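Note sheet for the following structure.
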Ligand SMILES: NC(=O)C1=CN([C@@H]2O[C@H](COP(=O)(O)OP(=O)(O)OC[C@H]3O[C@@H](n4cnc5c(N)ncnc54)[C@H](OP(=O)(O)O)[C@@H]3O)[C@@H](O)[C@H]2O)C=CC1
Ligand SMILES: CCCCCCCCCCCC(=O)SCCNC(=O)CCNC(=O)[C@H](O)C(C)(C)COP(=O)(O)O
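Protein chains in written order, with the entry's author numbering: chain V, 26 to 159; chain D, 1 to 395; chain P, 2 to 348; chain x, 31 to 280; chain U, 39 to 122; chain W, 1 to 8, 19 to 137; chain C, 2 to 217.
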């Protein structure tokens, strides 16, 4: 991107960048790696309420495990940002946003479906695929 | 046994009527104000609701293109572009490269005039009238390009399904290139009068503050997103034409105030100039409309020499093409934000449902949150940054 | 309610549509005096129902601007140069017309035109021109209630003589004789208000004894329509008085009340004094152009017509024969216009 | 747990009872928006507990172990009225009768040890005996005496000048003129003299704070003592709570 | 509890009851149910109560409107109420 | 705290009509309609507006109709609509009906419509 | 989540490979498996984002719309932080005439999703304004044009149509020209509404061919 400010600032400082783009609005906290680890572990604790054989709980477990791994090999907090395509602050806000909808999911219990549940899926086949070759 | 504390009451339910130094169109605004400070803003719309969406249902697809030009009178090309893209997606029609280049070029041109009008009319609303008149001469130079390609300065109806209506007239590329050679200097002249001016700074700084979360929540797009720190552009994130080839950088600011969005719009004009130069240099040669004559009209000599071409001409100018049953939503980066058309086809020659997604509708919805705690004078500036067009808001 | 036809010959063929602006009514009308207060509403009533109205007017584009909106495309025809002394223009105006309405009248004399010209010569000449044609089926003339041959005022006497001439040439003409007409553009309440507010003293002839029967403009306009929708009305004079008979003192008092004037500004300028103050000023009027400063009120004719009772004769045709209930002019919508000025909660 | 709309603000630091190493009970303390009021000459024993909307008039004596809880509704104790040892005065939220549920005690009223009063009207110059229970809505009219070990059932009345006894309290005898005039007032005056004595040998800040100050000074010397701006922290906690309450979806 | 004379308030209420199209003819007195004797509709009953609102300068509760049923009941309600 | 002595919408439209009647004076003052019309006179029109929708019996359709009628009231109450709107749509037709004098037609309903127009279903203007 | 600007240079990529794959081909299956009760059927078709890709369409019932929207916004993998628009389509041939359409954006996934709730004239759709503040005006417009009631809406009012308009114009049974017309009267100095009359009627030209096959 291009800064629209005539003033000259250094965007490799990795803090002047965050101040310029307004990440501080998202969270006033610094957003270090340990905070991300704590947030992921708190999400893992929270999803315990969801039944063990629930696809949603398995999904959250898999995502949290993937992100805890990405924290594992990468000792640099910026490296985690590059791998996850996000600022550490918004990665931390992500788990809280996930926490917000757990009550709404525990009220309706979407995972309860009969053992004959079937969702019909219709898929589109493009003519370019067939016409050019088979 | 601890005393309770009472509060104060707000009155002054003003009615702010159609008012000339504001975003163009008719705005009826009901404002509840505690003293000189606003507590609620309720925009009253429907004053330019012409029933466009229902009228589209009674017209053929090619007959409904001029509706999109008149939805937004500032940016016509971008508005008709989404409609033609949606019809092309449903029809599975491939646009030739020269027509794709012509569409991108004229889209950038209309983007530039939109930004010129927005900035200079906003300055006029503040009370500075010199940038405004300094800008009309540039806007005339660009209207002259439109009248050259289409014969209409405003409602060209130049973009068509599968390409463009006619080819670029000889000598146009040179003239556009000259306007481009001088455009940057003209923009710098305008920028000095606005930027750095203490009264302009005081009027615009820290007014209309928006945060990224608020923008996504309210569905805002374009300059509002980019003035708050969001690196999101449809031309880059979701390319729709030869925009992917084009090399340009997103302008980003972080504060979200009125000034940041003004700076973003100026830089957007500069980026559009860069895209135009690339379009001019890389303009290909060949067909400007799709070779298929079951979706595009035949050429006049061809209709006058061939039976199949006369048949195709007759059936395309009487019945029109039949669009296969399906639904699609195609969005384009309009100068005011994201403009999209949700087209539902049942297999006939007329659209069954054509929903128009207004970029300015959500901004006018955001007006109340933004204009809380402000003053009667700040409303004009806040409306200016939203840059709302009420024919565009009221379809 | 069932729409009643305009009782004109061969209307059944030409008429078509619901009766609105875009419908076809088989009435082509030449309304003389269209730009006037009475004429404009008659034009509105006729043109509203899809009919075509020819409006001869003395050159004045701004005065005839409201008539342009009255009808759909090609329905309101405005003829630019109207002269009461020009026969050929009158023949051209009524060429296609099957009904002719005459609302041309002058409240005061000038140097160019006197009462005898406008109120006598024009009706007779127009009557002959209409009679020779034969296509014109209905003729309506608008006159005052107090018009009589044995009247002191020259205006009300000349009007009656012209009406008799019209009756002689066209026996089937209908003479509409409304009272003082109340409206937004009327010359009754508006002149009374201007007298009460922007005049040093409000002179009242005698003590306001004279009785009047004011009527609302919409009632007279509807009465014209009811005249045209019945052929049995032809050859008859209708005294379209208002629902209530009021003395002039009551109307002045009630205007003072509605406007919430501080007190009564009216004075007693009894008769036999106005007959000496205004008598030279009439000779002044007949030798000078139209002047806004003095007019209508400041004439001996007005004093003479304000010393008599302008009320409907007992045995007479009126609104009841036309099945119209006149609206009261001292209450309701009729009085809103004076009400907007001041009601004591206002300013 | 934490009341965020409390009049003085939320609690920045809350300590568990297990972590307490000394007794911190306060003889007068505030329960949220309800504040006890006392006169200058009102004696509250160190053991005694007075909380809530309790109004103590002049010469009121609260002796050792007495609990006057004004949490549900208002308690008023009249002039020269003594609450003796281990006697509980409490107020109900509502009364069964439908009248006001405040516990109003008149002047020169002696509540003998271990007597429980809840949402009752006690008239002037009355004696409630030891282990006497006066239930909600029961009204004792002035110059009446309830004998020890007696219960006044809810919504019941003891007339003036009468001595009542029994678990279903019943009339026993009419109190004599000398009794009502002198002795009932004299008992309250005697207990006022005893409480005046106890007040006279009480120091304003008795030397029990020194022991806690020694621990605080040790923490200061070893550099574990932390200076906390409780005012700012309360403000920040309330701000965070409001932001979270706005964010929540359900 | 009658703040003002029973005869006066009754005459006034029956005067307003007469104003309604029906509720007249042979029986316009007390002991007449609005909907079962007088042919009144529920909306007409509510409007009649509002007209009594204008006559006696005092409001009627909506739950009381659910409770009111007769000409006796309305006059009883208006006599009972001190503002009257 | 206990003694044995201690403890011892079919008409939604009616509520909406009550709301309209109670809000009538406010719209009279807001729309400057005191002199033109009386409160009772408007209260009469509102009933006819309610009576047009009598045939419906479904609860859900009733809910929608009530919501729409509340919207109609709110337009006048919040000054969305103007004084001339109130004159044109309520007060003027009601006053016109009172001022109307008509001859009791001896011809039946069929004869009158037959004389009037070929297609009775088409409306007539300015009758 | 929120596409806050992070990379200063070389952000030429449209998105990462894994993020594209998870949303190119697993998105509908992931939704169905994760929240099965909400989904009734799913359609993969031509993409809203682009011509080349494929974007999901999910059909759900009115009762589950609020929970499905809440799941879509805040699920870590699926973050549809934006409501592009809300729309209804009238199908008079169907018993359940109206199809309420929701269009969403995930900036993180760079994907578009379409959610459909099929209702009739009497049934109501719960408002999703608490999930997305932009919904308020969109649901007000849907109520105005089509007559679909939205439950628990803060203030459901008409937006586009004239004051006093009772009909819903975008219903297929509503005349193109409407029922009334507006004119100024000289007699009554007011602008008034009258029944419709057309000087020239709208000419419907029937261009359909017997031999056409695309018509469904
Ligand atoms: N109070 C009332 O309004 C009443 C009126 N009437 C009668 O109805 C008639 C008109 O009423 P009103 O409309 O109020 O009077 P107006 O003067 O308002 O209308 C007069 C019309 O006649 C035209 N006119 C006057 N003199 C001449 C002329 N010499 N040559 C050509 N055109 C001329 C005027 O045109 P220009 O404007 O160019 O003069 C105007 O259009 C009068 O005769 C009046 O007596 C009946 C009852 C009461
Ligand atoms: C100037 C401002 C004027 C405002 C005008 C407002 C006009 C609103 C018009 C809306 C009309 C409706 O709501 S119609 C409400 C729905 N219609 C129904 O019929 C449901 C049940 N109906 C009945 O019971 C009877 O018909 C009934 C006669 C109603 C007896 O009312 P009650 O149920 O009590 O007994």
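Backbone N, C-alpha and C fix where the C-beta goes; we use that ideal spot for every residue, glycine too.
- Between residue 64 of chain x and chain D, the shortest Cβ-Cβ separation is below 7 Å.
- Between residue 236 of chain P and residue 171 of chain P, the alpha-carbon positions lie close to 9 Å from each other.
- In this model, residue 180 of chain P and residue 328 of chain P are separated by some 13 Å (Cα to Cα).
- Cβ-Cβ distances below 6 Å link residue 24 of chain C to 110, 112 in the same chain, with the five nearest sequence neighbours on each side left out; the list follows chain order.
- Shown here for residue 115 of chain x: same chain residues with a beta carbon closer than 7 Å to its own, the five before and five after excluded, namely 93, 94, 95, 96, 143 in chain order.
- One thing to note: residue 357 of chain D has its Cβ no nearer than 7 Å to the Cβ of residue 384 of chain D.
- The beta-carbon separation of residue 1 of chain W and residue 124 of chain x, rounded to 7 Å, stays under the 8 Å limit for a contact.
- Judged by DSSP in its simplified three-state form, residue 239 of chain P adopts strand.
- Within its own chain, the residues whose Cβ lies closer than 7 Å to the Cβ of residue 136 of chain C, once the five positions on either side in sequence are excluded, are 84, 87, 128, 129, 130, listed in chain order.
- Taking C-beta atoms under 8 Å as the contact rule, residue 59 of chain x and residue 228 of chain x fail to qualify, at a distance of about 20 Å.
- If you draw a straight line from the Cα of residue 252 of chain D to the Cα of residue 211 of chain D, it is about 13 Å long.
- Cβ proximity to chain C below 8 Å picks out 68, 70, 71 from the stretch 58-72 of chain W.
- Taking a Cβ-Cβ threshold of 7 Å, the residues of chain V close to residue 55 of chain C are 149, in chain order.
- In this structure, residue 126 of chain C and residue 63 of chain C form a Cβ contact; the two beta carbons are roughly 5 Å apart against a cut-off of 8 Å.
- In terms of Cβ geometry, residue 41 of chain D and residue 367 of chain D form a close pair [threshold 7 Å].
- In this structure, ligand 2 has a non-hydrogen atom nearer than 6 Å to the beta-carbon of residue 23 of chain W.
- By a beta-carbon distance limit of 8 Å, residue 265 of chain D contacts residue 223 of chain D. Their separation comes to about 6 Å.
- Taking every protein chain shown into account, the CB of residue 148 of chain V has fewer than 16 other CB atoms within 10 angstroms, so this residue is exposed.
- Per DSSP, residue 379 of chain D has no beta bridge partner at all.
- For residue 50 of chain V, the closest Cβ of chain D is nearer than 7 Å.
- At least one CB of chain C lies nearer than 7 Å to the CB of residue 88 of chain V.
- Residue contact with chain W for residue 82 of chain x: absent (no Cβ-Cβ distance below 7 Å to any residue of chain W).
- Listed as beta-bridge partners of residue 104 of chain C by DSSP are C:86, C:115.
- Under DSSP, the beta-bridge partners assigned to residue 54 of chain P are P:30, P:77.
- For residue 71 of chain V, the CB contacts under 7 Å within the same chain, skipping 5 residues up- and downstream, are 124, 127 in chain order.
- Assigned with DSSP and collapsed to three states, residue 333 of chain D falls in strand.
- Annotation for residue 144 of chain D: the continuous alpha helix (DSSP H) segment containing it runs 130-150.
- Restricting attention to P:225, P:160, P:130, the CA atom closest to the CA of residue 324 of chain P is found in P:225.
- Listed in chain order, the non-local C-beta contacts of residue 76 of chain D below 7 Å within the same chain comprise 69, 110, 154, 155, 156, local neighbours out to five positions each way being set aside.
- Buried is the label assigned to residue 255 of chain D, since at least 16 other Cβ atoms lie within 10 Å of its Cβ.
- The beta carbon of residue 292 of chain D sits closer than 8 Å to the beta carbons of 93, 162 from its chain, once the five residues preceding and following it are set aside; these are given in chain order.
- For residue 197 of chain C, the closest alpha carbon among the candidates C:183, C:207, C:191 is that of C:183.
- In the three-state reduction of the DSSP assignment, residue 31 of chain x falls in the coil class, being assigned neither a helical nor a strand state.
- Taking 7 Å as the cut-off between beta carbons, the residues of the stretch 83-99 of chain U near chain W are 84, 85, 88, 89, in sequence order.
- Excluding five sequence positions before and after residue 296 of chain D, the CB atoms of its chain that fall closer than 6 Å to its own CB belong to 162, 289, 290, given in chain order.
- Residue 73 of chain D places its beta carbon 7 Å or farther from that of residue 52 of chain D.
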